[PDB]
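Only one chain is shown below, in structure tokens, and it's the form deposited in one PDB entry.
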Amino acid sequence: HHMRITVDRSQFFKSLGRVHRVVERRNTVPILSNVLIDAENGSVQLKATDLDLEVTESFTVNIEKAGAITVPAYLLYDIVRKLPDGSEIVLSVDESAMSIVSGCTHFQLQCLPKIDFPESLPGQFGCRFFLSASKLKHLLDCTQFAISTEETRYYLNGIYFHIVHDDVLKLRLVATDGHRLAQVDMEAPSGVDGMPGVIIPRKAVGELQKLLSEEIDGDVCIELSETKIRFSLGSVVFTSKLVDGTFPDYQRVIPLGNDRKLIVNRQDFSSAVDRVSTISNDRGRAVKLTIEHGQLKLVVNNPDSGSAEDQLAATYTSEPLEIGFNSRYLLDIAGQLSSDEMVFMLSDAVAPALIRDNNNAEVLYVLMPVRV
């Protein structure tokens, strides 16, 4: 079979945009730089993979001649980006090369056949349930920023997706890099009894988040085993290996007994930290908080540039405390919160801090101090 399809440029561009970013630019195995185009039975499916994560998107097209072909994905994307909105594109294979015709513009691209492209066996999943896309986005929004990117901590390079057998079952996501930790809970949907705790890889989280950022309607079908997880939403399917490791006993680090409470105006605190951290560099990003009754002072020292201080009103009635934090991590967590009021539950200067929006009960953050 030798494919021939006529597609709407804007539709094709949107679908290609969803799949092509899975391809690694640093990749050296030729077939893995390509997107598979598969046209059959009134539908075109685009597939890309890096062997750990696979993405497919499909759309309805009247097919002139069924067939399939794989095409270098970034090149195809860059070509379609430059073709005019509201135009049509004819993609066709002759008797491994693909023709692209749009108006008088005609490309002939060196391709590779579908048979070379990775195809998996059908997924076998022991657990299947649904979440709204908006809820899944909320869970990932609470936790993605805290994921480790350190190569020496591979089973921290993802999100621990697991059930908490409270009175009411909870579905929980935790991420940490050893300095920041994020924990979010929801009431568990039906169908997650017995669900294994799994580590969703950082890359899958990131690609899922890029799709979810478009504000997707409806539900996501989540399927998993102890080796793979699949997210189906709209016309898109993400299938990812799971991280093969055991996530740490993270409940040990969440300080539920901290007894010094600091409340600050979140925006005023964020802007002050942003200002004084301007002098920091690769040596570190420490900011010292000197906490007294009603008052917070911030100090940053960098031997290559100088010093920086600021002061804010605060609600604080406990024993005075001097405690240091990574200023970027403080801004990261302040950025997670939505309320005017940012609350720190503190202990001593080298004990983890518990941070949250003064309001909410489902999300918490933990941040380790640094010495100052």
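Superpose the two forms; the largest set of C-alphas matching within 1.5 Å is the rigid core. One rule holds for the numbers: they count along the sequence shown, beginning at 1.
There is also a form deposited in another entry; it is not shown, and the following applies to it.
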property: 2 Å-or-more CA mover between the shown form and the other one, where superposition uses the core and the choices are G335, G306, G42, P320; result: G306
property: Rigid core superposition, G284 Cα moves 2 angstroms or more between the shown form and the other one; result: yes
property: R172 C-alpha relocation of at least 2 Å between the shown form and the other one, rigid core basis; result: no
property: Rigid core fit then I216 CA moved by 2 Å or more between the shown form and the other one; result: yes
property: Change in CA distance between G335 and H179 in that other deposited form, which is 3 Å or more, as closer or farther; result: farther
property: Closer or farther: C-alpha pair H179/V287 in that other deposited form, relative to this form, given a change of 3 Å or more; result: farther
